[PDB]
Structures are given as structure tokens and as C-alpha cells.
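The next block holds one structure in the form of C-alpha cells; read it before the comments.
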Amino acid sequence: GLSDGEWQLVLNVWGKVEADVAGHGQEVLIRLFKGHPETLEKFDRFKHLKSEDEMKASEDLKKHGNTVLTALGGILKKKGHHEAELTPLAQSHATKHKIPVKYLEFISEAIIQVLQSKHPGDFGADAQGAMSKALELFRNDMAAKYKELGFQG
Ligand code: HEM
Numbered sequence: 001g002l003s004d005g006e007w008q009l010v011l012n013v014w015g016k017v018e019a020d021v022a023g024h025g026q027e028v029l030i031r032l033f034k035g036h037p038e039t040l041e042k043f044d045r046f047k048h049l050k051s052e053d054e055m056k057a058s059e060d061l062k063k064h065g066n067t068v069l070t071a072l073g074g075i076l077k078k079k080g081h082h083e084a085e086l087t088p089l090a091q092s093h094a095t096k097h098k099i100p101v102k103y104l105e106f107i108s109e110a111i112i113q114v115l116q117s118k119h120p121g122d123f124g125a126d127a128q129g130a131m132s133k134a135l136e137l138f139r140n141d142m143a144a145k146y147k148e149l150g151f152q153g
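Sequential numbering of the sequence shown, starting at 1, is according to the authors' numbering.
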């Protein structure tokens with residue numbers, strides 16, 4: 001799974017995200033949207049955004065960013081014993097928002113992109129390794145809840 005070591009590496013980086021959750025949150029959405037624009041159409045609420053600047057000015061794009069990462073950090077914190085935190089997520093995304101898993105891959109990549117950007121120092125070869133596996137765990141588990149809800153896969 002993740003070694004005990006791999007978890008503490010994960011939890012160390014995340015201590016960085018927790019000093020600025022709304023700020024990290026906002027960049028990962030803009031990352032996502034400007035990297036894979038199609039993702040944007042999934043948000044009624046942000047489809048009105050026509051540029052990065054308009055994305056950076058958006059107070060609600062910021063609040064939503066804080067919501068994604070607060071919720072991803074309560075999961076990460078469980079260090080793979082996240083069953084109760086993941087279900088509802090998998091429920092809304094699968095049954096209400098209709099998010100394909102590949103989209104989950106997309107945001108995973110934007111999240112590494114943001115850490116790599118803001119914390120090169122704090123995010124070396126090992127923290128990179130740790131985080132990428134913490135996210136693939138998260139993706140795998142979403143995927144499988146998907147599959148059980150009889151959704152797309
Ligand atoms: C790290 C992965 C993600 C996490 C933790 C996350 C978290 C959430 C949370 C906590 C909410 C509010 C409660 C709910 O409706 O579930 C939400 C809503 C939403 N999510 Fe996600 N999300 C993730 C990935 C995605 C992706 C990739 C997309 C689209 C490509 C997306 C689309 C949506 C939409 C369309 C909504 C409703 C937005 C709103 O009106 O608040 N989510 N998400």
C-alpha cells in the first residue's frame with residue numbers, strides 16, 4: 001500500500017497545503033481547467049469563466065478550491081482507512097456530477113503540478129513518489145466505489 005514512511009512523507013507535504021488551503025485549492029482548479037478545458041464544462045458554476053484572469057478574480061472558484069482540498073486532506077489523513085470519507089464523494093461524483101475517473105487522474109496531476117511549483121524544496125524525489133501513490137490509491141478506491149454503484153466501469 002504505502003509504507004509507514006511513505007505516509008509520513010505524504011503528511012509532511014500536506015502540512016504545507018494546510019498553511020494555505022484556499023490558495024492551493026484555487027491554483028489546482030485553474031491548473032485543471034487550463035490543462036483540460038473539457039473539465040470546465042462540468043461546472044455550471046464556472047463555465048462563465050473565459051480566462052485565467054477571470055479565474056483568478058473569482059471568489060467562488062476560490063471557495064470551491066478550499067472545499068476540494070479540505071475534503072481531500074480529511075481522506076489523506078486516514079492513511080488509507082478512508083472508507084467513510086470516500087463514499088459520499090463517490091456517490092455525488094458518480095451520481096450527480098457525472099465525473100469520469102480519467103478526470104480524477106487529471107486533478108491528481110494538477111495537484112502534483114501545484115506542489116512541485118510552490119514547494120520544490122519540500123517536494124523532492126521521495127515526497128513526489130509518496131504523493132503520487134497516495135493519489136493513485138485515492139483514484140483506485142473511487143474507481144471501485146464507482147463500479148459498485150453500477151457506475152462507469
Ligand atoms: C481530489 C478529487 C475531488 C474532490 C475531493 C472533490 C470534492 C468535491 C466536494 C467536497 C464537493 C461538494 C460536495 C459534493 O457535491 O460532493 C464537490 C462538488 C463538485 N465536484 Fe468535486 N472533487 C474532486 C474532483 C472533481 C472533479 C475532477 C470534477 C470535474 C471534472 C469535480 C466536479 C464537481 C462538481 C461539478 C461539483 C459541484 C460543484 C459545486 O457546485 O459545489 N469534482 N467536489
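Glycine included, C-beta positions come from ideal geometry on N, C-alpha and C.
- A direct Cα-to-Cα measurement between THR95 and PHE151 gives close to 8 Å.
- A heavy atom of the ligand HEM is found nearer than 8 Å to the CB of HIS93.
- If you check the C-beta of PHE43 against the ligand HEM, you find a heavy atom less than 8 Å away.
- Counting only runs of 4+ residues, the alpha helix (DSSP H) found wholly inside the stretch 20-54 occupies 21-35, in chain order.
- Taking the Cα positions, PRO120 is about 14 Å away from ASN12.
- Its chain contains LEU40, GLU41 as the residues whose beta carbon lies nearer than 8 Å to that of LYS47, once the 5 sequence neighbours on both sides are disregarded; these appear in chain order.
- Residue range 83-95 is occupied by the alpha helix (DSSP H) that includes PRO88.
- Counting of Cβ neighbours within 10 angstroms places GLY153 among the exposed residues, the total staying below 16.
- Non-local C-beta neighbours of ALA127 in its own chain, meaning closer than 6 Å and more than five positions away in sequence, comprise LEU9, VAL13, ordered along the chain.
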